[PDB]
$ cat model.cif   # mmCIF, C-alpha atoms and all ligand atoms
data_model
loop_
_atom_site.label_atom_id
_atom_site.label_comp_id
_atom_site.auth_asym_id
_atom_site.auth_seq_id
_atom_site.Cartn_x
_atom_site.Cartn_y
_atom_site.Cartn_z
CA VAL U 1 -2.68 42.70 92.61
CA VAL U 2 0.25 40.93 90.90
CA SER U 3 -0.32 37.46 89.48
CA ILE U 4 2.09 34.56 89.20
CA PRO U 5 1.26 32.89 85.87
CA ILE U 6 -0.23 29.38 85.93
CA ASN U 7 -0.71 27.20 82.85
CA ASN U 8 -4.31 26.22 82.00
CA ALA U 9 -5.39 27.91 85.23
CA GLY U 10 -9.10 27.69 84.37
CA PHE U 11 -9.00 24.26 82.65
CA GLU U 12 -10.15 25.94 79.47
CA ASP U 13 -7.76 23.69 77.47
CA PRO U 14 -9.14 21.65 75.67
CA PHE U 15 -12.26 23.18 74.21
CA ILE U 16 -15.33 20.96 74.71
CA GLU U 17 -18.28 21.54 72.40
CA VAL U 18 -21.18 19.61 73.99
CA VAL U 19 -22.49 20.55 77.45
CA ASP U 20 -21.50 18.12 80.24
CA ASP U 21 -19.04 16.32 77.93
CA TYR U 22 -15.62 15.69 79.43
CA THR U 23 -12.14 14.34 78.90
CA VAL U 24 -10.59 11.53 80.93
CA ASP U 25 -6.92 12.47 80.59
CA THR U 26 -4.80 14.84 82.68
CA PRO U 27 -5.52 18.47 81.70
CA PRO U 28 -2.76 20.10 79.65
CA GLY U 29 -0.30 21.99 81.83
CA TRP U 30 -1.13 19.86 84.91
CA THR U 31 0.07 16.51 86.19
CA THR U 32 -1.95 13.91 88.07
CA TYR U 33 -1.10 13.89 91.76
CA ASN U 34 -1.20 10.19 92.52
CA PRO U 35 0.52 9.37 95.84
CA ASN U 36 -1.60 6.24 96.42
CA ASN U 37 -1.61 4.99 92.80
CA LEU U 38 -5.41 5.22 92.76
CA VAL U 39 -5.56 6.65 89.21
CA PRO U 40 -4.44 4.46 86.27
CA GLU U 41 -2.24 5.68 83.43
CA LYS U 42 -4.94 4.68 80.95
CA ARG U 43 -8.45 5.79 81.90
CA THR U 44 -12.06 5.15 81.03
CA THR U 45 -15.23 7.00 81.96
CA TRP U 46 -15.46 4.71 84.96
CA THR U 47 -11.92 4.21 86.21
CA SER U 48 -10.61 6.68 88.72
CA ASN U 49 -9.75 9.58 86.44
CA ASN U 50 -9.38 13.32 85.98
CA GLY U 51 -9.81 15.74 83.13
CA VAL U 52 -11.83 18.73 82.02
CA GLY U 53 -15.59 19.21 81.66
CA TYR U 54 -17.82 21.84 80.03
CA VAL U 55 -20.43 23.48 82.27
CA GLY U 56 -22.86 25.48 80.17
CA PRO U 57 -26.59 26.06 79.83
CA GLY U 58 -28.34 22.73 80.10
CA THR U 59 -25.87 21.27 82.56
CA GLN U 60 -27.33 18.51 84.70
CA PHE U 61 -24.65 18.83 87.43
CA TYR U 62 -24.60 22.43 88.68
CA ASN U 63 -26.91 25.25 89.63
CA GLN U 64 -24.65 27.83 87.98
CA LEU U 65 -22.28 28.16 85.04
CA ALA U 66 -18.58 27.41 85.52
CA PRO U 67 -16.90 29.96 87.83
CA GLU U 68 -14.60 30.95 84.94
CA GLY U 69 -14.92 30.38 81.19
CA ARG U 70 -16.57 27.18 79.94
CA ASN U 71 -14.72 24.38 81.71
CA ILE U 72 -13.93 23.02 85.14
CA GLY U 73 -11.39 20.36 86.07
CA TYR U 74 -12.67 17.26 87.82
CA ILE U 75 -11.26 14.32 89.76
CA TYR U 76 -13.25 11.13 90.25
CA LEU U 77 -12.10 8.23 92.45
CA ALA U 78 -13.79 4.82 92.24
CA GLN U 79 -12.03 3.22 95.23
CA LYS U 80 -13.83 3.08 98.57
CA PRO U 81 -13.46 6.01 101.00
CA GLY U 82 -10.26 5.73 103.04
CA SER U 83 -8.22 4.33 100.12
CA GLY U 84 -6.03 7.41 99.65
CA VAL U 85 -6.08 10.68 97.69
CA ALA U 86 -5.44 11.95 94.16
CA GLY U 87 -5.72 15.18 92.25
CA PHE U 88 -4.03 17.85 90.14
CA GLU U 89 -0.51 19.19 90.59
CA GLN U 90 1.35 21.99 88.83
CA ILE U 91 4.92 23.11 89.55
CA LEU U 92 5.51 26.75 88.61
CA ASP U 93 8.58 28.61 87.41
CA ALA U 94 8.35 31.16 90.23
CA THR U 95 10.33 30.32 93.38
CA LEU U 96 9.67 30.99 97.04
CA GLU U 97 11.08 34.39 98.04
CA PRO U 98 11.48 35.84 101.55
CA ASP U 99 9.40 38.71 102.96
CA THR U 100 6.72 37.93 100.40
CA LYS U 101 3.07 37.03 100.95
CA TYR U 102 1.45 34.55 98.56
CA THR U 103 -2.32 34.20 98.10
CA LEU U 104 -3.70 31.08 96.38
CA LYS U 105 -7.38 31.01 95.40
CA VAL U 106 -9.33 28.25 93.70
CA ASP U 107 -13.03 27.57 93.25
CA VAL U 108 -14.09 24.15 94.55
CA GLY U 109 -17.15 22.51 93.02
CA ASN U 110 -19.52 19.88 94.38
CA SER U 111 -21.21 18.30 91.37
CA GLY U 112 -24.82 17.29 91.81
CA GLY U 113 -27.39 15.48 89.73
CA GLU U 114 -27.02 12.08 88.11
CA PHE U 115 -24.68 10.40 85.62
CA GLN U 116 -25.78 7.22 83.81
CA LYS U 117 -28.40 6.81 86.56
CA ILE U 118 -25.69 7.06 89.27
CA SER U 119 -26.35 9.79 91.83
CA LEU U 120 -23.64 12.42 92.26
CA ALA U 121 -25.11 13.38 95.66
CA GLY U 122 -22.45 13.64 98.36
CA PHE U 123 -18.91 14.95 98.44
CA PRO U 124 -15.45 13.38 99.01
CA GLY U 125 -13.79 16.37 100.65
CA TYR U 126 -11.05 18.54 99.17
CA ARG U 127 -7.60 19.87 99.98
CA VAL U 128 -5.91 22.88 98.35
CA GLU U 129 -2.10 23.00 98.82
CA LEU U 130 0.53 25.69 98.25
CA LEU U 131 3.97 24.10 97.85
CA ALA U 132 7.63 24.97 97.77
CA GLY U 133 9.38 21.95 96.37
CA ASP U 134 7.65 18.92 97.89
CA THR U 135 6.74 20.79 101.11
CA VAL U 136 3.16 21.88 101.81
CA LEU U 137 3.64 25.46 103.08
CA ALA U 138 -0.04 26.04 103.87
CA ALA U 139 -3.19 24.16 102.94
CA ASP U 140 -6.96 24.31 103.21
CA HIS U 141 -7.98 20.78 104.21
CA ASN U 142 -11.74 20.77 103.53
CA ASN U 143 -12.63 23.86 105.58
CA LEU U 144 -15.58 24.98 103.40
CA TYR U 145 -19.01 23.37 103.32
CA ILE U 146 -20.10 23.09 99.67
CA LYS U 147 -23.60 21.80 98.83
CA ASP U 148 -24.41 19.65 95.79
CA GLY U 149 -24.52 21.76 92.65
CA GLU U 150 -22.49 24.69 94.06
CA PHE U 151 -18.99 26.20 94.05
CA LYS U 152 -17.14 28.05 96.81
CA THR U 153 -13.76 29.84 96.73
CA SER U 154 -10.90 28.46 98.86
CA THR U 155 -8.17 30.89 99.91
CA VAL U 156 -4.73 29.88 101.16
CA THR U 157 -2.12 32.47 102.20
CA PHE U 158 1.49 32.14 103.28
CA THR U 159 4.30 34.54 104.22
CA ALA U 160 7.90 33.36 103.84
CA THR U 161 10.44 34.76 106.26
CA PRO U 162 14.19 35.18 105.58
CA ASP U 163 14.87 32.05 107.67
CA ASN U 164 12.45 29.82 105.79
CA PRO U 165 14.19 26.53 104.84
CA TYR U 166 12.47 26.30 101.44
CA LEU U 167 13.51 29.61 99.89
CA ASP U 168 14.41 29.45 96.19
CA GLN U 169 12.47 26.21 95.62
CA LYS U 170 9.82 26.22 92.92
CA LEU U 171 6.27 27.07 93.97
CA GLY U 172 3.59 24.47 93.29
CA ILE U 173 -0.15 23.90 93.66
CA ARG U 174 -2.10 20.74 94.45
CA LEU U 175 -5.89 20.35 94.13
CA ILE U 176 -6.80 17.14 95.95
CA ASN U 177 -9.79 14.77 96.15
CA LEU U 178 -9.70 13.42 99.73
CA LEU U 179 -11.88 10.31 99.09
CA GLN U 180 -13.65 10.79 102.44
CA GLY U 181 -17.20 10.32 101.20
CA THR U 182 -19.39 9.41 98.25
CA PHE U 183 -20.18 10.37 95.54
CA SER U 184 -16.38 10.58 95.30
CA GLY U 185 -16.01 13.28 92.67
CA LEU U 186 -15.31 16.98 92.88
CA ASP U 187 -14.34 19.84 90.59
CA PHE U 188 -11.94 22.80 90.61
CA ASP U 189 -11.79 26.03 88.61
CA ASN U 190 -10.17 29.45 88.30
CA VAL U 191 -6.82 28.90 90.01
CA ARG U 192 -5.19 32.21 90.95
CA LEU U 193 -1.85 32.86 92.65
CA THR U 194 -0.91 36.43 93.53
CA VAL U 195 2.02 37.94 95.38
CA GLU U 196 2.83 41.05 97.39
CA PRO U 197 5.58 42.33 99.70
CA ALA U 198 5.05 41.16 103.25
CA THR I 1 -30.83 22.59 119.31
CA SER I 2 -28.39 25.41 120.14
CA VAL I 3 -24.65 26.06 120.44
CA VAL I 4 -23.18 23.56 122.92
CA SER I 5 -19.58 23.11 124.04
CA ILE I 6 -18.20 19.58 123.78
CA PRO I 7 -16.10 18.78 126.88
CA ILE I 8 -12.34 18.39 126.41
CA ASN I 9 -9.95 17.18 129.14
CA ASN I 10 -7.24 19.64 130.23
CA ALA I 11 -8.29 21.90 127.38
CA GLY I 12 -6.16 24.86 128.52
CA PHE I 13 -3.16 22.74 129.64
CA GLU I 14 -3.70 24.06 133.17
CA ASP I 15 -2.87 20.63 134.61
CA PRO I 16 -0.30 20.47 136.10
CA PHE I 17 0.08 23.71 138.02
CA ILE I 18 3.53 25.28 137.61
CA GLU I 19 4.76 27.77 140.19
CA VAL I 20 7.84 29.36 138.55
CA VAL I 21 7.31 31.55 135.49
CA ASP I 22 8.77 30.03 132.30
CA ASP I 23 9.15 26.64 134.05
CA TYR I 24 7.82 23.62 132.17
CA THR I 25 7.21 19.88 132.11
CA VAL I 26 8.61 17.55 129.45
CA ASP I 27 5.98 14.82 129.59
CA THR I 28 2.63 14.37 127.86
CA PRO I 29 0.06 16.72 129.45
CA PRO I 30 -2.65 14.91 131.43
CA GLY I 31 -5.73 14.22 129.32
CA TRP I 32 -3.80 14.19 126.01
CA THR I 33 -1.67 11.68 124.16
CA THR I 34 1.49 12.34 122.18
CA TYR I 35 0.79 12.21 118.46
CA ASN I 36 3.91 10.50 117.13
CA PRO I 37 3.39 9.18 113.59
CA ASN I 38 7.06 9.52 112.62
CA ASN I 39 8.48 8.38 116.01
CA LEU I 40 10.28 11.71 116.52
CA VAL I 41 9.43 12.00 120.24
CA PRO I 42 11.05 9.53 122.69
CA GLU I 43 9.14 7.86 125.48
CA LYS I 44 11.56 9.34 128.03
CA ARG I 45 12.36 13.00 127.45
CA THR I 46 14.70 15.62 128.75
CA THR I 47 14.89 19.34 127.98
CA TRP I 48 16.66 19.07 124.60
CA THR I 49 15.24 15.87 123.22
CA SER I 50 12.09 16.12 121.19
CA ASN I 51 9.31 16.55 123.72
CA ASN I 52 6.01 18.09 124.69
CA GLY I 53 4.52 19.36 127.91
CA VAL I 54 3.03 22.42 129.55
CA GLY I 55 4.62 25.77 130.44
CA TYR I 56 3.60 28.70 132.66
CA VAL I 57 3.30 31.96 130.65
CA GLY I 58 2.74 34.77 133.16
CA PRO I 59 4.18 38.15 134.19
CA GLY I 60 7.94 37.83 133.80
CA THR I 61 7.77 35.67 130.67
CA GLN I 62 10.69 35.92 128.25
CA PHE I 63 8.73 34.32 125.40
CA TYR I 64 5.64 36.41 124.63
CA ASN I 65 4.44 39.99 124.53
CA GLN I 66 1.19 38.76 126.04
CA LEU I 67 0.20 36.40 128.81
CA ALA I 68 -1.17 32.91 128.23
CA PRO I 69 -4.41 33.07 126.20
CA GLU I 70 -6.18 31.24 129.04
CA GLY I 71 -5.21 30.68 132.66
CA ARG I 72 -1.54 30.19 133.50
CA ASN I 73 -0.22 27.55 131.13
CA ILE I 74 0.21 26.73 127.48
CA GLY I 75 0.99 23.34 125.92
CA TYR I 76 4.06 23.03 123.71
CA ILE I 77 5.72 20.64 121.27
CA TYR I 78 9.43 20.85 120.47
CA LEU I 79 11.27 18.78 117.87
CA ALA I 80 15.06 18.34 117.78
CA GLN I 81 15.17 16.68 114.36
CA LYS I 82 15.87 18.68 111.21
CA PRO I 83 13.07 20.24 109.13
CA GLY I 84 11.42 17.63 106.93
CA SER I 85 11.87 14.73 109.38
CA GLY I 86 8.17 14.36 110.15
CA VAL I 87 5.51 15.74 112.49
CA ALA I 88 4.40 15.28 116.09
CA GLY I 89 2.07 16.88 118.60
CA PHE I 90 -0.94 16.37 120.83
CA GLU I 91 -3.98 14.17 120.29
CA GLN I 92 -7.17 13.74 122.30
CA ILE I 93 -10.08 11.47 121.44
CA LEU I 94 -13.35 12.77 122.87
CA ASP I 95 -16.33 10.89 124.24
CA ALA I 96 -18.64 12.75 121.82
CA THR I 97 -19.39 11.20 118.43
CA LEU I 98 -19.93 12.61 114.95
CA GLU I 99 -23.59 13.50 114.47
CA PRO I 100 -25.46 14.38 111.26
CA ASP I 101 -26.89 17.80 110.42
CA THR I 102 -24.50 19.49 112.82
CA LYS I 103 -21.82 22.14 112.41
CA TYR I 104 -18.61 21.78 114.42
CA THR I 105 -16.34 24.68 115.29
CA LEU I 106 -12.90 23.92 116.70
CA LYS I 107 -10.82 26.82 117.98
CA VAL I 108 -7.34 26.81 119.48
CA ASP I 109 -4.78 29.52 120.11
CA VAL I 110 -1.45 28.94 118.38
CA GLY I 111 1.70 30.49 119.82
CA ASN I 112 4.99 31.40 118.12
CA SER I 113 7.33 31.71 121.08
CA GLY I 114 10.04 34.35 120.85
CA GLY I 115 13.14 35.30 122.78
CA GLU I 116 15.96 33.09 124.02
CA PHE I 117 16.31 29.81 125.89
CA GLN I 118 19.78 28.73 127.09
CA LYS I 119 21.33 31.06 124.48
CA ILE I 120 19.28 29.22 121.82
CA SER I 121 17.24 31.68 119.78
CA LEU I 122 13.51 31.01 119.70
CA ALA I 123 13.17 33.10 116.53
CA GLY I 124 11.42 31.22 113.76
CA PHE I 125 8.46 28.89 113.60
CA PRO I 126 7.97 25.23 112.52
CA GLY I 127 4.43 25.59 111.17
CA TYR I 128 1.30 24.08 112.69
CA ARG I 129 -1.70 21.97 111.75
CA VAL I 130 -4.92 21.83 113.78
CA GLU I 131 -7.08 18.77 112.99
CA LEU I 132 -10.69 17.77 113.67
CA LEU I 133 -11.15 13.99 113.54
CA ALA I 134 -13.90 11.42 113.52
CA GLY I 135 -12.38 8.03 114.19
CA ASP I 136 -9.15 7.89 112.15
CA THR I 137 -10.25 10.47 109.59
CA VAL I 138 -9.19 14.13 109.41
CA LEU I 139 -12.54 15.75 108.58
CA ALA I 140 -11.17 19.28 108.30
CA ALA I 141 -7.87 20.89 109.20
CA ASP I 142 -6.07 24.22 109.33
CA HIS I 143 -2.64 23.42 107.82
CA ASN I 144 -0.57 26.48 108.72
CA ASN I 145 -3.01 29.07 107.38
CA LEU I 146 -2.18 31.87 109.85
CA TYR I 147 1.02 33.89 109.86
CA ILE I 148 2.13 34.25 113.48
CA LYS I 149 4.98 36.53 114.50
CA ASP I 150 7.47 35.64 117.20
CA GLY I 151 6.05 36.46 120.62
CA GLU I 152 2.34 36.38 119.75
CA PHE I 153 -0.62 33.97 119.70
CA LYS I 154 -3.32 33.76 117.03
CA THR I 155 -6.61 31.82 117.09
CA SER I 156 -7.00 29.03 114.51
CA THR I 157 -10.58 28.06 113.60
CA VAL I 158 -11.71 24.82 111.91
CA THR I 159 -15.33 24.17 110.97
CA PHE I 160 -17.03 21.12 109.52
CA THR I 161 -20.61 20.22 108.64
CA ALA I 162 -21.62 16.57 108.95
CA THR I 163 -24.38 15.41 106.58
CA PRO I 164 -26.63 12.34 106.95
CA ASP I 165 -24.50 10.65 104.27
CA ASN I 166 -21.18 11.14 106.02
CA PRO I 167 -19.37 7.77 106.22
CA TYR I 168 -17.97 8.44 109.72
CA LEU I 169 -21.10 9.26 111.75
CA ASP I 170 -21.10 7.82 115.30
CA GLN I 171 -17.29 7.57 115.32
CA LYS I 172 -15.51 9.32 118.18
CA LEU I 173 -14.49 12.94 117.61
CA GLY I 174 -10.82 13.77 118.05
CA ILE I 175 -8.44 16.74 118.04
CA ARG I 176 -4.81 16.95 116.92
CA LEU I 177 -2.46 19.92 117.48
CA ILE I 178 0.61 19.34 115.31
CA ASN I 179 4.14 20.74 114.95
CA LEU I 180 4.92 20.49 111.20
CA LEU I 181 8.74 20.68 111.60
CA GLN I 182 8.96 22.95 108.54
CA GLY I 183 11.18 25.58 110.12
CA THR I 184 13.43 26.50 113.04
CA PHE I 185 13.21 27.31 115.89
CA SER I 186 11.19 24.07 115.86
CA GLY I 187 8.89 24.60 118.84
CA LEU I 188 5.39 26.00 119.16
CA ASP I 189 2.66 26.41 121.75
CA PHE I 190 -1.10 25.82 121.92
CA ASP I 191 -3.73 26.95 124.43
CA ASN I 192 -7.46 27.26 125.01
CA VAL I 193 -8.89 24.39 122.93
CA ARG I 194 -12.64 24.84 122.34
CA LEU I 195 -15.05 22.63 120.39
CA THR I 196 -18.70 23.51 119.86
CA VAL I 197 -21.53 21.85 117.96
CA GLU I 198 -24.68 23.50 116.65
CA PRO I 199 -27.53 22.56 114.29
CA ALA I 200 -26.43 23.13 110.70
CA CA C 301 -12.76 27.45 83.75
CA CA C 302 -21.76 15.76 94.81
CA CA C 303 -17.84 31.01 92.86
CA CA C 304 -4.06 27.76 129.45
CA CA C 305 9.49 31.35 117.45
#
$ encode --input "model.cif" --output "structure tokens" --more "lines below"
Ligand SMILES: [Ca+2]
Ligand SMILES: [Ca+2]
Ligand SMILES: [Ca+2]
Ligand SMILES: [Ca+2]
Ligand SMILES: [Ca+2]
Amino acid sequence: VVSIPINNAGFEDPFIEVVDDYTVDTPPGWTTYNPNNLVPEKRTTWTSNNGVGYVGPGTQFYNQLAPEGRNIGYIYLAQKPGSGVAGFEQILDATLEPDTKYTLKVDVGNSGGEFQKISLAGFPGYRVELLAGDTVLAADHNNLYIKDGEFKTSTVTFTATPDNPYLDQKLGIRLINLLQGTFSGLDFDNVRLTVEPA
Amino acid sequence: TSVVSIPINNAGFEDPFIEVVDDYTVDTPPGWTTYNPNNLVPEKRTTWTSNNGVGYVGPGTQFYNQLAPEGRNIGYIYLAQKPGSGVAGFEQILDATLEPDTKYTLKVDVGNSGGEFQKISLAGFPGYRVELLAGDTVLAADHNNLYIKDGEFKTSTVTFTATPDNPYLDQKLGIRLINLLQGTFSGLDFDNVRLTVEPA
């Protein structure tokens, strides 16, 4: 298996010392996908936000450690369901090539438990996107059922043919909070993109 | 309490009957509506406008190395606009409603037609999305997850579990079968839509 490198693919940057502590700024190496302007430029704990969080022993949110390393990346949206979507985006240096099969995998987390006496029960729905340029080549729109406190792996594959219109455009990844339910937060971890001849 | 099929109108595009092999309609199949969020499909269609309809895929067909997945006919969507211009396809709202503690399984066969039509190559594929709705909300969707070679069909499967806390319970279920217009030749076929519900 041959990987395409991704920056901060496991959200391990930055290091977080205290269990369940978190940042509220875009993880290094990623940008905030914000097509509906739901996430402000300047965040608090309680605005719509995204960032990184440490899942270790003593976590109140999960029934297992982080899928990879210490940290997961989270997206929280405070607007009512139906208001739009937001998430993580990363554009890669690798470009779409013909007769090549791409396999994107990411672990999707449904945080459970309670935060400042607010229940995290429920899930907003997720979408995992593989891009060339601004085009979604293939995407998993919420196909996995993920219970509170658990993670499941989403897998998206795509084969580009010689006649594909998007050849030579940069590959990208989006990890999206759909805001289709409450509690309206979800987590991602361990992003992997691998490539093989068709 | 067990696996039940939810009824869908004209679910194999068998209405209308078509006598000549590879003959087709260019109007919205009975029981479905034209999903047209980017206004790509005109209200009146001819062969080479953007359109949708049904087509007979039987012995003699120039478009597939297999017969129609179900019965005689498939349903198709063709888009004349350039890649990137938008999407269009089929939509059907069902009488059934979203119920809690249930698992839904939507299956449809997706066809990448091959061959030639009026010296126009059918090689290539626009991409598809299959959507399960409640009300206006796409609960789960297969956005082009299967690779489908020219001249074959593959079955797309979408599942969704509805919890007691789902915001859209009691809203009408719906189905969308979408041409993504992300490639040429910019037509694709669908057949054999099935929706089941079972305790979760
Ligand atoms: Ca990690
Ligand atoms: Ca949750
Ligand atoms: Ca896992
Ligand atoms: Ca049929
Ligand atoms: Ca084709």
$ residues_near_ligand --input "model.cif" --ligand "ligand CA 303 (chain C)" --cutoff "6 Å" --atoms "all atoms listed in the file" --output "PDB file with C-alpha atoms, in the frame of the given file"
ATOM      1  CA  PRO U  67     -16.900  29.960  87.830  1.00  0.00           C
ATOM      2  CA  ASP U 107     -13.030  27.570  93.250  1.00  0.00           C
ATOM      3  CA  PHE U 151     -18.990  26.200  94.050  1.00  0.00           C
ATOM      4  CA  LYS U 152     -17.140  28.050  96.810  1.00  0.00           C
ATOM      5  CA  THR U 153     -13.760  29.840  96.730  1.00  0.00           C
TER       6      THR U 153
END
$ closest_residue --input "model.cif" --among "U:54, U:33, U:126, U:102" --to "ligand CA 302 (chain C)" --atoms "all atoms listed in the file"
U:126
$ closest_residue --input "model.cif" --among "U:21, U:97, U:134, U:148" --to "residue U:182" --atoms "only C-alpha atoms"
U:148
$ residues_near_ligand --input "model.cif" --ligand "ligand CA 304 (chain C)" --cutoff "6 Å" --atoms "all atoms listed in the file" --output "JSON, numbers by chain"
{"I": [12, 13, 14, 70, 71, 72, 73, 74, 191, 192]}
$ write_last_selection --input "model.cif" --atoms "C-alpha atoms" --output "compact mmCIF listing (two decimals), keeping the file's coordinate frame"
# COMPACT_ATOMS: atom_id res chain seq x y z
CA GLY I 12 -6.16 24.86 128.52
CA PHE I 13 -3.16 22.74 129.64
CA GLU I 14 -3.70 24.06 133.17
CA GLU I 70 -6.18 31.24 129.04
CA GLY I 71 -5.21 30.68 132.66
CA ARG I 72 -1.54 30.19 133.50
CA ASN I 73 -0.22 27.55 131.13
CA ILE I 74 0.21 26.73 127.48
CA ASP I 191 -3.73 26.95 124.43
CA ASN I 192 -7.46 27.26 125.01
$ residues_around --input "model.cif" --residues "residue I:64" --least-positions-apart "6" --cutoff "8 Å" --atoms "only C-alpha atoms" --output "ChimeraX atom specification"
/I:57,113-115,150-152
$ residues_near_ligand --input "model.cif" --ligand "ligand CA 302 (chain C)" --cutoff "10 Å" --atoms "all atoms listed in the file" --output "MDAnalysis selection string"
chainID U and resid 61:62 109:114 119:125 146:150 181:187
$ residues_near_ligand --input "model.cif" --ligand "ligand CA 305 (chain C)" --cutoff "12 Å" --atoms "all atoms listed in the file" --output "number ranges by chain"
U: 161, 163; I: 62-64, 76-78, 110-117, 120-128, 147-153, 183-189
$ build_atoms --input "model.cif" --residues "stretch 7-23 of chain U" --atoms "N, CA and C atoms" --output "PDB file, keeping the file's coordinate frame"
ATOM      1  N   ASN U   7      -0.245  27.737  84.129  1.00  0.00           N
ATOM      2  CA  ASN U   7      -0.710  27.200  82.850  1.00  0.00           C
ATOM      3  C   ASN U   7      -2.082  26.555  82.996  1.00  0.00           C
ATOM      4  N   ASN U   8      -2.957  26.792  82.011  1.00  0.00           N
ATOM      5  CA  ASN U   8      -4.310  26.220  82.000  1.00  0.00           C
ATOM      6  C   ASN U   8      -5.026  26.437  83.336  1.00  0.00           C
ATOM      7  N   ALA U   9      -4.930  27.661  83.863  1.00  0.00           N
ATOM      8  CA  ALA U   9      -5.390  27.910  85.230  1.00  0.00           C
ATOM      9  C   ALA U   9      -6.889  27.743  85.409  1.00  0.00           C
ATOM     10  N   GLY U  10      -7.670  27.894  84.337  1.00  0.00           N
ATOM     11  CA  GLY U  10      -9.100  27.690  84.370  1.00  0.00           C
ATOM     12  C   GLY U  10      -9.579  26.432  83.673  1.00  0.00           C
ATOM     13  N   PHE U  11      -8.681  25.523  83.304  1.00  0.00           N
ATOM     14  CA  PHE U  11      -9.000  24.260  82.650  1.00  0.00           C
ATOM     15  C   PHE U  11      -9.702  24.481  81.339  1.00  0.00           C
ATOM     16  N   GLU U  12      -9.486  25.649  80.740  1.00  0.00           N
ATOM     17  CA  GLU U  12     -10.150  25.940  79.470  1.00  0.00           C
ATOM     18  C   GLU U  12      -9.533  25.201  78.286  1.00  0.00           C
ATOM     19  N   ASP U  13      -8.388  24.539  78.481  1.00  0.00           N
ATOM     20  CA  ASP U  13      -7.760  23.690  77.470  1.00  0.00           C
ATOM     21  C   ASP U  13      -7.976  22.228  77.841  1.00  0.00           C
ATOM     22  N   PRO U  14      -8.588  21.376  76.999  1.00  0.00           N
ATOM     23  CA  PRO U  14      -9.140  21.650  75.670  1.00  0.00           C
ATOM     24  C   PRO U  14     -10.561  22.195  75.644  1.00  0.00           C
ATOM     25  N   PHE U  15     -10.886  22.813  74.511  1.00  0.00           N
ATOM     26  CA  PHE U  15     -12.260  23.180  74.210  1.00  0.00           C
ATOM     27  C   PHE U  15     -13.135  21.935  74.139  1.00  0.00           C
ATOM     28  N   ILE U  16     -14.325  22.025  74.725  1.00  0.00           N
ATOM     29  CA  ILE U  16     -15.330  20.960  74.710  1.00  0.00           C
ATOM     30  C   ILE U  16     -16.612  21.557  74.141  1.00  0.00           C
ATOM     31  N   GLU U  17     -17.172  20.907  73.112  1.00  0.00           N
ATOM     32  CA  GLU U  17     -18.280  21.540  72.400  1.00  0.00           C
ATOM     33  C   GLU U  17     -19.639  21.261  73.048  1.00  0.00           C
ATOM     34  N   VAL U  18     -19.862  20.049  73.539  1.00  0.00           N
ATOM     35  CA  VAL U  18     -21.180  19.610  73.990  1.00  0.00           C
ATOM     36  C   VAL U  18     -21.259  19.756  75.505  1.00  0.00           C
ATOM     37  N   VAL U  19     -22.371  20.313  76.006  1.00  0.00           N
ATOM     38  CA  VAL U  19     -22.490  20.550  77.450  1.00  0.00           C
ATOM     39  C   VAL U  19     -22.434  19.232  78.203  1.00  0.00           C
ATOM     40  N   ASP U  20     -21.716  19.244  79.331  1.00  0.00           N
ATOM     41  CA  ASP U  20     -21.500  18.120  80.240  1.00  0.00           C
ATOM     42  C   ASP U  20     -20.555  17.066  79.673  1.00  0.00           C
ATOM     43  N   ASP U  21     -20.098  17.195  78.422  1.00  0.00           N
ATOM     44  CA  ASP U  21     -19.040  16.320  77.930  1.00  0.00           C
ATOM     45  C   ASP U  21     -17.718  16.622  78.644  1.00  0.00           C
ATOM     46  N   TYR U  22     -16.799  15.658  78.575  1.00  0.00           N
ATOM     47  CA  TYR U  22     -15.620  15.690  79.430  1.00  0.00           C
ATOM     48  C   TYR U  22     -14.486  14.920  78.776  1.00  0.00           C
ATOM     49  N   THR U  23     -13.269  15.188  79.231  1.00  0.00           N
ATOM     50  CA  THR U  23     -12.140  14.340  78.900  1.00  0.00           C
ATOM     51  C   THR U  23     -11.834  13.434  80.084  1.00  0.00           C
TER      52      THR U  23
END
